[PDB]
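Trainee: Okay, handing you the structure first.
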Amino acid sequence: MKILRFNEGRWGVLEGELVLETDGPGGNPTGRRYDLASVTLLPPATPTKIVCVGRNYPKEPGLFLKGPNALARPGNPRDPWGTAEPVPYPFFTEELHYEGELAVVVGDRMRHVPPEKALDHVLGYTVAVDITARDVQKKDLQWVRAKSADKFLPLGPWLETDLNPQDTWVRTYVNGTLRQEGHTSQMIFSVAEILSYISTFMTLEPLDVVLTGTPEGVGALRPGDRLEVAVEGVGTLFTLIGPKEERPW
Amino acid sequence: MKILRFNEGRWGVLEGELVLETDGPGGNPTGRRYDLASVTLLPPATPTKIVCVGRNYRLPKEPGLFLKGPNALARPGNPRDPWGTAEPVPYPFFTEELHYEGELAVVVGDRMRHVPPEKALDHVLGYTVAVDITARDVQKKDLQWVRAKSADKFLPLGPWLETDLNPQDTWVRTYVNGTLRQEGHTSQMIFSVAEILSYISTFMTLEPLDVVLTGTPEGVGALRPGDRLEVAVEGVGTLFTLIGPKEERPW
């Protein structure tokens, strides 16, 4: 089942081309319905925090954080490039990378949850583009500016509630050209193991977002570049890079 | 004035020993009042994120930064009964090098994006106190300081925020089990509060009620289960917190 957030933070379930509004994620229908093209798609979550895995394609998962300010609206499939929220090419970097990833939206609070019970706390899966500024990532104290600058996390188009996270494909296309491709069965740490690990020291709240890592093929980006990340059984995330920004003031 | 959050996420202003409830932070009074001793003090903010500064007391060219998730927030001890109300910070199973760092904390009032240093402070709602709990061992080995700085309860915050203050003219003092361990004058900050907020805003938009930590003075030492911590910031207040028993295997 596809669950989405749209317009002024509304929730709904996608029924073909019809968006059936619900009271809360996957909740009872309110009675309103909208044509998919007529709504403004939003990241399918309202996270208190975003936890991301490093190399996943290490005795334990490497983790880093992104603030919610990194979230960027996904392009509406009915009009991709005309609606996707642009990721400004930062003035502080010159090594901007992209990383297509499978993303997890937590459904139930998780604290000290064993691997075998981890997926039961998942609301659904969605797609993300972990934007990275590699040049500052090497010289900064921590990856704050490198991974958590504004819009460094396009997320969407919606989440799928029924899926086998360890058996799906992630394909990233840059300007129509396939640049990344990977099978989640090749994950060093499974989604379940990742969520479980995190829960040992950090409680995951309902609707928090967890990035599962990026496959091989990470390349550079240029202003104007158009990205398309398709994840079998989930959906396709459309996002693009905006023009180079100048000095802040 | 002193603004606080209490009970079921209610906001209020402090007058002596009375908490006067308001509609939002510093908002209109509702007409309800409570005795301080009768309410459950909460961290004075509901941050979308917590941005922290690294070394900042007397050298880096730019402020070093790191994040903490809201899960790190821990209730401040109520000044009317400190040790009996403060939310304990469990001594984690994953570390054996837990350290304390008392710090001045800032609570953002108005959204900040590309704000120059000279306009920074005008966007501040107020100032409060914090203890940046740190697990030093994992901090050296892990990929990033996630469990080193963002483990549950790694951020006691409170007791409340002060709206009227000169951030660069106050003292931060940390006491452990009745003994002074840290003492720093904020005028000795490498980066001023205004510069820190400004810097952050050049790439990261700060939302209303986000929290920003401004670094810690010398005196960072090791903690032990049962330690009673007090961080006093002149003109702001005193944050009371404590370390709980060491935890064992997660499951």
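Residues are referred to by chain and number: the chain letter is A, B, ... according to the order shown in the structure tokens, the number counts from 1 in that chain, and ligands are numbered separately from 1 in the order shown.
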For residue A:125, work out the shell of residues within 8 Å, counting only C-alpha atoms and skipping chain neighbours fewer than 4 positions away, then give it as a PyMOL selection string.
Mentor: chain A and resi 102-105+159-161+163+165+234
Trainee: I want to know what sits within 7 Å of stretch 72-85 of chain B, based on only C-alpha atoms, with residues of the same chain fewer than 3 positions away left out; could you give that as a list in words?
Mentor: residues 37, 41, 42, 43, 68, 69, 150, 151, 152, 153, 154, 155, 156, 157, 158, 159, 239, 240 and 241 of chain B
Trainee: Please report as a VMD selection string which residues of chain A come no farther than 7 Å from chain B, using only C-alpha atoms.
Mentor: chain A and resid 48 to 49 62 to 65 67 to 69 112 140 to 142 144 to 145 149 to 150 200 to 203 248 to 249
Trainee: Given the selection you just returned, output its residues as a file containing N, CA and C atoms, formatted as a PDB file, in the first residue's frame.
Mentor:
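Wrote it out as selection17.pdb, contents follow:
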```
ATOM      1  N   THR A  48      11.725  13.116  13.862  1.00  0.00           N
ATOM      2  CA  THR A  48      12.279  13.895  14.962  1.00  0.00           C
ATOM      3  C   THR A  48      13.767  13.904  14.646  1.00  0.00           C
ATOM      4  N   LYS A  49      14.212  12.869  13.933  1.00  0.00           N
ATOM      5  CA  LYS A  49      15.614  12.752  13.522  1.00  0.00           C
ATOM      6  C   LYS A  49      15.776  11.799  12.340  1.00  0.00           C
ATOM      7  N   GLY A  62      28.100   1.998  10.434  1.00  0.00           N
ATOM      8  CA  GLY A  62      28.629   3.329  10.673  1.00  0.00           C
ATOM      9  C   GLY A  62      27.423   4.244  10.570  1.00  0.00           C
ATOM     10  N   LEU A  63      27.268   5.171  11.510  1.00  0.00           N
ATOM     11  CA  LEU A  63      26.106   6.051  11.497  1.00  0.00           C
ATOM     12  C   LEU A  63      26.411   7.538  11.491  1.00  0.00           C
ATOM     13  N   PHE A  64      25.517   8.312  10.884  1.00  0.00           N
ATOM     14  CA  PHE A  64      25.644   9.766  10.861  1.00  0.00           C
ATOM     15  C   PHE A  64      24.238  10.350  10.849  1.00  0.00           C
ATOM     16  N   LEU A  65      24.100  11.590  11.306  1.00  0.00           N
ATOM     17  CA  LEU A  65      22.792  12.228  11.380  1.00  0.00           C
ATOM     18  C   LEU A  65      22.551  13.346  10.383  1.00  0.00           C
ATOM     19  N   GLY A  67      19.682  16.593   9.886  1.00  0.00           N
ATOM     20  CA  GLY A  67      18.607  17.298  10.555  1.00  0.00           C
ATOM     21  C   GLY A  67      17.423  17.335   9.606  1.00  0.00           C
ATOM     22  N   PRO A  68      16.199  17.558  10.107  1.00  0.00           N
ATOM     23  CA  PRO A  68      15.045  17.601   9.206  1.00  0.00           C
ATOM     24  C   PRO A  68      15.104  18.720   8.162  1.00  0.00           C
ATOM     25  N   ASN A  69      16.009  19.674   8.356  1.00  0.00           N
ATOM     26  CA  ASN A  69      16.157  20.765   7.403  1.00  0.00           C
ATOM     27  C   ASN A  69      16.694  20.219   6.073  1.00  0.00           C
ATOM     28  N   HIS A 112      15.793  -0.879  22.296  1.00  0.00           N
ATOM     29  CA  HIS A 112      16.247  -2.227  22.634  1.00  0.00           C
ATOM     30  C   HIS A 112      15.368  -3.268  21.943  1.00  0.00           C
ATOM     31  N   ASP A 140      35.909  18.979   7.998  1.00  0.00           N
ATOM     32  CA  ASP A 140      35.073  19.428   9.115  1.00  0.00           C
ATOM     33  C   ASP A 140      35.186  18.499  10.324  1.00  0.00           C
ATOM     34  N   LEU A 141      34.829  19.016  11.499  1.00  0.00           N
ATOM     35  CA  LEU A 141      34.868  18.236  12.735  1.00  0.00           C
ATOM     36  C   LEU A 141      33.986  17.002  12.535  1.00  0.00           C
ATOM     37  N   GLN A 142      32.766  17.237  12.062  1.00  0.00           N
ATOM     38  CA  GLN A 142      31.802  16.174  11.797  1.00  0.00           C
ATOM     39  C   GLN A 142      31.086  16.492  10.486  1.00  0.00           C
ATOM     40  N   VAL A 144      28.322  17.521   9.539  1.00  0.00           N
ATOM     41  CA  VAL A 144      27.138  18.371   9.607  1.00  0.00           C
ATOM     42  C   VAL A 144      26.888  19.125   8.305  1.00  0.00           C
ATOM     43  N   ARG A 145      27.870  19.910   7.887  1.00  0.00           N
ATOM     44  CA  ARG A 145      27.747  20.680   6.658  1.00  0.00           C
ATOM     45  C   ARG A 145      27.831  19.743   5.444  1.00  0.00           C
ATOM     46  N   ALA A 149      23.223  19.909   5.227  1.00  0.00           N
ATOM     47  CA  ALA A 149      22.922  21.262   4.773  1.00  0.00           C
ATOM     48  C   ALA A 149      21.481  21.219   4.263  1.00  0.00           C
ATOM     49  N   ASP A 150      20.866  22.383   4.090  1.00  0.00           N
ATOM     50  CA  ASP A 150      19.491  22.437   3.613  1.00  0.00           C
ATOM     51  C   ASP A 150      19.268  21.668   2.304  1.00  0.00           C
ATOM     52  N   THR A 200      19.705   0.091  20.424  1.00  0.00           N
ATOM     53  CA  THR A 200      20.447  -0.281  21.628  1.00  0.00           C
ATOM     54  C   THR A 200      20.886   0.921  22.459  1.00  0.00           C
ATOM     55  N   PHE A 201      21.033   2.073  21.815  1.00  0.00           N
ATOM     56  CA  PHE A 201      21.481   3.273  22.515  1.00  0.00           C
ATOM     57  C   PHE A 201      20.645   4.499  22.170  1.00  0.00           C
ATOM     58  N   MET A 202      19.908   4.411  21.068  1.00  0.00           N
ATOM     59  CA  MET A 202      19.082   5.521  20.604  1.00  0.00           C
ATOM     60  C   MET A 202      17.653   5.098  20.273  1.00  0.00           C
ATOM     61  N   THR A 203      16.690   5.681  20.976  1.00  0.00           N
ATOM     62  CA  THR A 203      15.289   5.366  20.738  1.00  0.00           C
ATOM     63  C   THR A 203      14.810   5.991  19.431  1.00  0.00           C
ATOM     64  N   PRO A 248      26.399  33.939   1.007  1.00  0.00           N
ATOM     65  CA  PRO A 248      25.177  34.048   1.815  1.00  0.00           C
ATOM     66  C   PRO A 248      24.617  35.460   2.003  1.00  0.00           C
ATOM     67  N   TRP A 249      25.508  36.440   2.101  1.00  0.00           N
ATOM     68  CA  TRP A 249      25.104  37.831   2.283  1.00  0.00           C
ATOM     69  C   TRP A 249      26.261  38.736   1.877  1.00  0.00           C
TER      70      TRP A 249
END
```
Trainee: Apply DSSP to the structure's backbone, then extract all residues of stretch 26-249 of chain A labelled strand (DSSP E) and return them as a VMD selection string.
Mentor: chain A and resid 29 to 35 41 to 42 50 to 53 63 to 66 71 to 72 87 to 89 96 to 97 100 to 106 122 to 129 132 to 133 153 to 160 169 to 174 177 to 183 209 to 211 226 to 231 235 to 244
Trainee: Got a sec: who's within 12 Å of residue A:21, counting only C-alpha atoms, leaving out chain neighbours fewer than 3 positions off, as a count of residues only?
Mentor: 29
Trainee: Take atom CA of residue A:167 and atom CA of residue A:155 and report the distance between them in Å, one decimal.
Mentor: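 Pair atom CA of residue A:167 / atom CA of residue A:155 returns 20.5 Å.
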